[PDB]
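Notes to accompany the following structure.
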Amino acid sequence: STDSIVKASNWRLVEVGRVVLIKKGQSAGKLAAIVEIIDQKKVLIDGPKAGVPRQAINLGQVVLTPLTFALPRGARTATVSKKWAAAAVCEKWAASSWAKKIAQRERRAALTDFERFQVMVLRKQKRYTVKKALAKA
Amino acid sequence: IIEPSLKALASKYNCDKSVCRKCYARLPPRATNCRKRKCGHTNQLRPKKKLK
Amino acid sequence: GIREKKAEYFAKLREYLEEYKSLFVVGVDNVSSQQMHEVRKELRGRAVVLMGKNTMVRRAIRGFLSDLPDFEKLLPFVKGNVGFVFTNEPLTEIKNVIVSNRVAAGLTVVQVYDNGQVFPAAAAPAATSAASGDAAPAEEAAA
Amino acid sequence: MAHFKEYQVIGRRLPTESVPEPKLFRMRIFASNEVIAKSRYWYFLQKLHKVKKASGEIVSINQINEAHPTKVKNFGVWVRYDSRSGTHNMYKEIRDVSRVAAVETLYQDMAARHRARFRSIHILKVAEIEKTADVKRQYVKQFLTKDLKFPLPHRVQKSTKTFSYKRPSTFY
Amino acid sequence: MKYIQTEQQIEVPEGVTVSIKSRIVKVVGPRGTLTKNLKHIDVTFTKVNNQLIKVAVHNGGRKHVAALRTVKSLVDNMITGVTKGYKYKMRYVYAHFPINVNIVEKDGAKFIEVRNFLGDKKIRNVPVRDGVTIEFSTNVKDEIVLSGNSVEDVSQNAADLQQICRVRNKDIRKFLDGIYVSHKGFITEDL
RNA sequence: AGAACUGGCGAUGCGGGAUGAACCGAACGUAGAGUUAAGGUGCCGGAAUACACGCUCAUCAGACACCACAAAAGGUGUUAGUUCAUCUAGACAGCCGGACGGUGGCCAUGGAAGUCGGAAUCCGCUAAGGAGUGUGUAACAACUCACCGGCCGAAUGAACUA
RNA sequence: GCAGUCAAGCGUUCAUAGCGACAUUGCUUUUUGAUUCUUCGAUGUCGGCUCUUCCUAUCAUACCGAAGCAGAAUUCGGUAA
Ligand SMILES: [Zn+2]
């Protein structure tokens, strides 16, 4: 090296346009966006698309996601909805592992007894062709 | 012996101090409070006494 | 007291902006307390020089943007360490008493004001050559 | 003293044949329920005017719902409170989305910082500071800056189960 | 009151390199390299360019914010030591018994030896620290001079010498003897 | 030690206060099922290592009524607050420029020009510059400072309350 | 019995180096009072001798800070049983 190498933590910022995942409550599970910062432990959020009511909420019951998108600070519900659509948030969200795994673990949870059986017979069938591969190179 | 300027050097260290009048702690000459936990960080200081 | 004195500065400032119709905005960056004391004597004829704090002058000038309002486009020039020289004498005479005289190793003119106008003091430094040839290259343009 | 509601409380002296139509007096009252709101009303009327509920009545009780409940506003709050050794006036500011919310953290804050319980506190005035830079306390101007953003370092997810087969990370 | 954000700036001058990982700092310059472990403070470094690095403390209160500034100076002092470098000058002070001062060593230790302090038949030894070099002024009587890249290590070695000569059981206003710091600065850009 | 009204203990188990005549809760046939009181819910120990906003770091922290004590007096620890004053006519702080003329002011003397020292503190020109804050000279010089301005851009000083 | 706060005063000069009046806050339970709760079908009643152990409000001994510490001597204080 001959540069000054300084690796700074790349934190999710609480900021207007930060999209967040609601951990707790009656809108738990859903995404919303940060509209306005109230104080160091509180924010105003809005999730028109995902069906979550514009409210003040503790940053405790929400997890910041890596998603941000252009949003004027204070935007009423209506325009939030327009900017969220414009930015294709849900699109980007669904493309993440974070989204996929939640969906996977919900699919697993939905399985019938019978379906688990099949998963067993299929997973078993797969193992066979794998250990063969495993014993070649 | 000892030139006036070296006699000043030794005085910056030995002679130019204040003293806590509660616990005798030897403090910087312009200190407002004492640094010691034991006398309750008092602001009752006094200058270290000069020689003849 | 502190308000009293500042208000006085607003007074004598206005006093020059009405009487004197022409203004020299100079810049005395560095410059001794002695030099300025001598520019006074060397201008005791007509011009008077008036120094002040920039924050005062803009506020004062803006405060007088009612009557005598064309001192608005004077404000972009009252930055840095500038001063004022008001006068009722011919242009190019005073300017060269200021600049060249009492120079050291003086003070520089940064802009000039004349009846609502803003001279760079460069256009003032005319040689009557660019004004004669323009009256010469146009007569031949008509012949 | 709970989850607060604001009340319009209005009463009057009982009519006398000498004074039918005595004047109506109103208060804005933060309390948990109407039964406290009414009682706080008389508490003050006793002290301000010279009246006892035994001779006056309660004309109307109405809840003042916050006008713009999802719009963040800066609140100026004025308070009179008693201490272990004196009684004092105070100005404070609170940033929130409703008066009712503002009052709640005021009542909490008085208790944490000054050990002042509900009984020991009069609320004098609560007023949404209209023009920013009429805000006068640093801990709120701090949040008034433009394009304002901050991280939340050292994040501690709560574990659902007692044992964990991986060392946790605080990485947010 | 807890401060939403507060920061400091470190000018990285022409010729030095500063690299930071896990709050461990390495500063490399024409005089050499210095390392420092700042794990004991929660600060997050961020680089703007090879000339400037910003230190910050998000959401911190008074005593936390106070450490921020001292991190700057800490790192600052490293940078200058590795370019300008540091030098502490001292002076021998005695009224009768001339303090005789030499360098001796065992197993390649290097000590500062001090004899005849106030007539003392005893012999004091200050271990010389790794990275500080002891010279003796040639144009100034009874001086002695300690130079290195680290103020920390140089100033401390200077104090160790000065502290070994502390005069016991006498009025120390009258018995002014000792070795005291006479000047402190650099080894570059004048003296 | 001695009275007043009431409630207790004595004569009374039970739940709580670790413990305990008198406190809190509640008074008692033999049992089942539910719900509670006072008090509790990290583990001992039945019951949220619950939710929420702050405060606190104690090389003698603190932790619950009766109750198993603490004071006059102090702190530039940290938190919130009050008051007077300064400041968008630009302060505070930081960096930078200027810091002048009568005049080496009068005495005093080897020599003393702002700065060993006596008495005076005046004027000019000022945006400002003391008949002088220091450093330095034999005495001048040179440098510094009060004072003013350049840049910056919203807070700053002092005394207090708990 | 022991320790504080205030500072008039002492200390050639100087309140606080060392002290400290008038007043005033406390601590202790080796004094002595006060009380009468336990023991009057009995807890051997003083001092010394002997031996162990504890308290620290420290006399000595270790290392310090302070002085009206020049040295020698002393005094004030800290960590210290
Ligand atoms: Zn002390």
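Chains: A, B, ... in order of the structure tokens. Residues: from 1 per chain. Ligands: from 1, in order shown.
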Practice task
Could you give me, as an NGL selection string, each residue of chain B that DSSP assigns to strand (DSSP E) when run on this structure's backbone?
Solution key: :B and (18-20 or 26-27 or 45-47)
Exercise for the section: Kindly determine which residues of chain D lie within 9 Å of chain E, considering only C-alpha atoms, and give the answer as a list in words. Expected result: residues 138, 139, 142, 143, 150, 151, 152 and 153 of chain D
How would the residues just picked look written out with N, CA, C and O atoms as a CSV table (one decimal), in the first residue's frame?
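Full text of selection-v6.csv as output:
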chain,number,residue,atom,x,y,z
D,138,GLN,N,-31.0,23.5,22.3
D,138,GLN,CA,-30.1,22.8,21.4
D,138,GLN,C,-30.5,21.4,21.0
D,138,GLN,O,-30.3,20.9,19.9
D,139,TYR,N,-31.1,20.7,22.0
D,139,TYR,CA,-31.5,19.3,21.8
D,139,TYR,C,-32.7,19.1,20.8
D,139,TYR,O,-33.2,18.0,20.7
D,142,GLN,N,-30.9,20.7,16.9
D,142,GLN,CA,-30.1,19.6,16.4
D,142,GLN,C,-30.8,18.7,15.3
D,142,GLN,O,-30.1,18.2,14.5
D,143,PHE,N,-32.1,18.6,15.4
D,143,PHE,CA,-32.9,17.8,14.5
D,143,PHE,C,-33.5,18.7,13.4
D,143,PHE,O,-34.4,18.2,12.7
D,150,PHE,N,-28.5,10.1,10.3
D,150,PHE,CA,-27.6,9.5,11.3
D,150,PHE,C,-27.8,8.0,11.4
D,150,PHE,O,-28.9,7.5,11.1
D,151,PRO,N,-26.7,7.3,11.7
D,151,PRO,CA,-26.8,5.8,11.9
D,151,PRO,C,-27.2,5.4,13.4
D,151,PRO,O,-27.4,6.3,14.2
D,152,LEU,N,-27.3,4.1,13.6
D,152,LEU,CA,-27.7,3.7,14.9
D,152,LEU,C,-26.7,2.6,15.4
D,152,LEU,O,-27.1,1.4,15.6
D,153,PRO,N,-25.4,3.0,15.6
D,153,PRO,CA,-24.4,2.0,15.9
D,153,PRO,C,-24.6,1.1,17.1
D,153,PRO,O,-25.4,1.4,18.0
Handout entry: Protein and nucleic acid residues within 7 Å of ligand 1 (only C-alpha atoms (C1' of nucleotides) and all ligand atoms) as a VMD selection string
Key = chain B and resid 20 to 25 34 to 36 38 to 39 41 to 42
For the residues selected in the previous step, produce a file with N, CA, C and O atoms as a CSV table (one decimal), in the first residue's frame.
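Below is the file that was written, part.csv:
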chain,number,residue,atom,x,y,z
B,20,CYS,N,-3.6,22.8,47.8
B,20,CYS,CA,-4.9,22.6,48.4
B,20,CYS,C,-4.8,22.7,49.9
B,20,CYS,O,-4.0,22.1,50.5
B,21,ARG,N,-5.6,23.6,50.4
B,21,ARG,CA,-5.6,23.9,51.9
B,21,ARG,C,-6.4,22.9,52.6
B,21,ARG,O,-6.7,23.2,53.8
B,22,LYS,N,-6.9,21.9,52.0
B,22,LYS,CA,-7.6,20.8,52.6
B,22,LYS,C,-6.7,19.6,52.7
B,22,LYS,O,-6.6,18.9,53.8
B,23,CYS,N,-6.0,19.3,51.6
B,23,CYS,CA,-5.2,18.0,51.6
B,23,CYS,C,-3.8,18.2,51.2
B,23,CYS,O,-3.1,17.3,50.9
B,24,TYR,N,-3.3,19.5,51.1
B,24,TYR,CA,-1.9,19.8,50.8
B,24,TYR,C,-1.4,19.4,49.4
B,24,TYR,O,-0.2,19.6,49.1
B,25,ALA,N,-2.3,18.9,48.6
B,25,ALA,CA,-1.9,18.5,47.3
B,25,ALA,C,-1.2,19.6,46.5
B,25,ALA,O,-1.6,20.7,46.6
B,34,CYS,N,-8.8,21.7,43.2
B,34,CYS,CA,-7.9,20.7,43.4
B,34,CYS,C,-8.3,19.5,42.7
B,34,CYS,O,-9.4,19.3,42.4
B,35,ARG,N,-7.3,18.6,42.4
B,35,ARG,CA,-7.6,17.4,41.6
B,35,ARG,C,-7.9,16.2,42.4
B,35,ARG,O,-8.3,15.2,41.8
B,36,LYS,N,-7.8,16.3,43.7
B,36,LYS,CA,-7.9,15.1,44.5
B,36,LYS,C,-9.4,14.8,44.9
B,36,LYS,O,-10.1,15.6,45.4
B,38,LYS,N,-10.2,13.1,47.4
B,38,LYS,CA,-10.3,13.0,48.9
B,38,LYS,C,-10.8,14.3,49.6
B,38,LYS,O,-11.4,14.3,50.7
B,39,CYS,N,-10.6,15.5,49.0
B,39,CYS,CA,-10.9,16.8,49.6
B,39,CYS,C,-12.1,17.3,48.9
B,39,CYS,O,-12.5,18.5,49.0
B,41,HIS,N,-12.7,17.8,45.6
B,41,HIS,CA,-12.3,18.7,44.5
B,41,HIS,C,-12.5,20.2,44.8
B,41,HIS,O,-13.0,21.0,44.0
B,42,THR,N,-11.9,20.6,46.0
B,42,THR,CA,-12.2,21.9,46.5
B,42,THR,C,-11.5,23.0,45.8
B,42,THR,O,-10.5,22.7,45.1
Practice task
Counting only C-alpha atoms (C1' of nucleotides), collect the residues of chain F whose closest atom lies at most 10 Å from chain E, and write them out as a list in words.
Solution key: residues 78, 79 and 80 of chain F
Restrict the selected residues to C-alpha atoms (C1' of nucleotides) and save them as a PDB file, in the first residue's frame.
ATOM      1  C1'   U F  78     -22.678  15.073  34.849  1.00  0.00           C
ATOM      2  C1'   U F  79     -27.942  16.361  33.692  1.00  0.00           C
ATOM      3  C1'   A F  80     -31.955  19.830  33.302  1.00  0.00           C
TER       4        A F  80
END
Practice task
Pull out every residue of chain A that has at least one atom within 12 Å of chain D, counting only C-alpha atoms, and report them as number ranges by chain.
Solution key: A: 9-18, 23, 34-46, 53-57, 59-66, 68, 70-77
Would you write out those residues with N, CA and C atoms, as a compact mmCIF listing (two decimals), in the first residue's frame?
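The resulting file, part-v2.txt, is reproduced below:
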# COMPACT_ATOMS: atom_id res chain seq x y z
N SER A 9 -17.32 2.06 8.73
CA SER A 9 -18.59 1.31 8.80
C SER A 9 -19.64 2.01 7.96
N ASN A 10 -20.29 1.23 7.10
CA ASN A 10 -21.30 1.69 6.16
C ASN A 10 -22.68 1.41 6.74
N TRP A 11 -23.11 2.24 7.68
CA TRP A 11 -24.35 2.00 8.40
C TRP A 11 -25.59 2.36 7.59
N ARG A 12 -26.66 1.60 7.79
CA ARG A 12 -27.96 2.06 7.33
C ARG A 12 -28.25 3.35 8.09
N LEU A 13 -28.50 4.44 7.37
CA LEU A 13 -28.80 5.71 8.02
C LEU A 13 -30.30 5.85 8.23
N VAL A 14 -30.71 6.40 9.37
CA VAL A 14 -32.11 6.80 9.47
C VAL A 14 -32.16 8.15 8.77
N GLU A 15 -32.99 8.21 7.74
CA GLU A 15 -33.04 9.37 6.88
C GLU A 15 -34.33 9.34 6.10
N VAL A 16 -34.78 10.50 5.64
CA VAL A 16 -35.93 10.55 4.76
C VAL A 16 -35.68 9.69 3.52
N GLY A 17 -36.57 8.73 3.30
CA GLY A 17 -36.46 7.87 2.14
C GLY A 17 -35.85 6.53 2.46
N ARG A 18 -35.40 6.35 3.70
CA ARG A 18 -34.97 5.04 4.17
C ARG A 18 -36.18 4.13 4.29
N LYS A 23 -40.87 -4.67 12.59
CA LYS A 23 -40.57 -5.88 13.35
C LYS A 23 -41.74 -6.30 14.23
N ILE A 34 -39.45 6.05 5.81
CA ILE A 34 -39.31 7.10 6.80
C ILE A 34 -39.62 8.45 6.15
N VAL A 35 -40.61 9.15 6.69
CA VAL A 35 -40.96 10.48 6.21
C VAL A 35 -40.22 11.59 6.95
N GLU A 36 -40.28 11.58 8.27
CA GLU A 36 -39.69 12.65 9.05
C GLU A 36 -39.10 12.14 10.36
N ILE A 37 -38.00 12.75 10.77
CA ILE A 37 -37.29 12.37 11.98
C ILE A 37 -37.79 13.21 13.16
N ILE A 38 -38.38 12.54 14.15
CA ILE A 38 -38.92 13.21 15.33
C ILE A 38 -37.82 13.47 16.37
N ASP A 39 -37.28 12.41 16.95
CA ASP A 39 -36.11 12.54 17.79
C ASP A 39 -35.23 11.31 17.66
N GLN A 40 -34.13 11.30 18.40
CA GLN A 40 -33.09 10.29 18.27
C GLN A 40 -33.57 8.84 18.40
N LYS A 41 -34.80 8.63 18.86
CA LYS A 41 -35.31 7.27 19.01
C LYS A 41 -36.69 7.13 18.39
N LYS A 42 -37.11 8.13 17.62
CA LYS A 42 -38.45 8.15 17.03
C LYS A 42 -38.48 8.71 15.62
N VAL A 43 -39.39 8.17 14.82
CA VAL A 43 -39.61 8.64 13.46
C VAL A 43 -41.07 8.56 13.05
N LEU A 44 -41.38 9.31 12.01
CA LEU A 44 -42.66 9.24 11.35
C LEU A 44 -42.51 8.30 10.16
N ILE A 45 -43.39 7.31 10.04
CA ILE A 45 -43.29 6.39 8.92
C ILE A 45 -44.58 6.31 8.12
N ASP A 46 -44.45 5.88 6.87
CA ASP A 46 -45.61 5.68 6.03
C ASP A 46 -45.39 4.54 5.06
N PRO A 53 -50.38 2.16 8.07
CA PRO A 53 -50.86 3.51 8.34
C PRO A 53 -49.77 4.48 8.77
N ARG A 54 -49.77 5.68 8.20
CA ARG A 54 -48.82 6.73 8.55
C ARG A 54 -48.90 7.02 10.04
N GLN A 55 -47.79 6.85 10.74
CA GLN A 55 -47.79 6.92 12.19
C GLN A 55 -46.41 7.29 12.72
N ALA A 56 -46.37 7.64 14.00
CA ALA A 56 -45.11 7.80 14.71
C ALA A 56 -44.81 6.46 15.37
N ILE A 57 -43.56 6.03 15.26
CA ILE A 57 -43.19 4.70 15.72
C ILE A 57 -41.77 4.73 16.26
N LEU A 59 -38.04 3.53 16.74
CA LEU A 59 -37.07 2.81 15.92
C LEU A 59 -36.75 1.44 16.50
N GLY A 60 -37.24 1.18 17.71
CA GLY A 60 -37.12 -0.12 18.33
C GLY A 60 -37.89 -1.19 17.58
N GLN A 61 -39.10 -0.87 17.14
CA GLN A 61 -39.99 -1.88 16.57
C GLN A 61 -39.88 -2.00 15.07
N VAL A 62 -38.81 -1.44 14.55
CA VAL A 62 -38.60 -1.41 13.12
C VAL A 62 -37.13 -1.70 12.84
N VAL A 63 -36.86 -2.39 11.74
CA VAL A 63 -35.49 -2.63 11.35
C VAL A 63 -35.21 -1.91 10.03
N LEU A 64 -34.20 -1.05 10.02
CA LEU A 64 -33.78 -0.38 8.79
C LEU A 64 -33.33 -1.40 7.76
N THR A 65 -33.76 -1.22 6.51
CA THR A 65 -33.30 -2.08 5.43
C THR A 65 -32.26 -1.29 4.67
N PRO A 66 -31.56 -1.93 3.71
CA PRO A 66 -30.58 -1.17 2.92
C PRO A 66 -31.19 -0.26 1.86
N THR A 68 -33.04 2.92 0.24
CA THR A 68 -33.42 4.32 0.30
C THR A 68 -33.97 4.71 -1.06
N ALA A 70 -35.75 8.52 -3.28
CA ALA A 70 -35.97 9.97 -3.22
C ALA A 70 -37.31 10.34 -2.61
N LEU A 71 -37.28 11.17 -1.59
CA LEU A 71 -38.49 11.53 -0.86
C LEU A 71 -38.32 12.87 -0.19
N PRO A 72 -39.15 13.86 -0.57
CA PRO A 72 -39.05 15.14 0.12
C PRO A 72 -39.43 14.94 1.57
N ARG A 73 -38.81 15.70 2.45
CA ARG A 73 -38.97 15.50 3.88
C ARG A 73 -40.30 16.04 4.36
N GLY A 74 -41.24 15.15 4.66
CA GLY A 74 -42.50 15.58 5.21
C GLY A 74 -43.64 15.14 4.33
N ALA A 75 -43.29 14.54 3.20
CA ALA A 75 -44.24 14.13 2.17
C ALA A 75 -45.49 13.49 2.74
N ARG A 76 -46.64 14.02 2.35
CA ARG A 76 -47.91 13.44 2.77
C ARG A 76 -48.06 12.04 2.20
N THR A 77 -48.99 11.27 2.76
CA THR A 77 -49.20 9.89 2.35
C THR A 77 -49.28 9.71 0.83
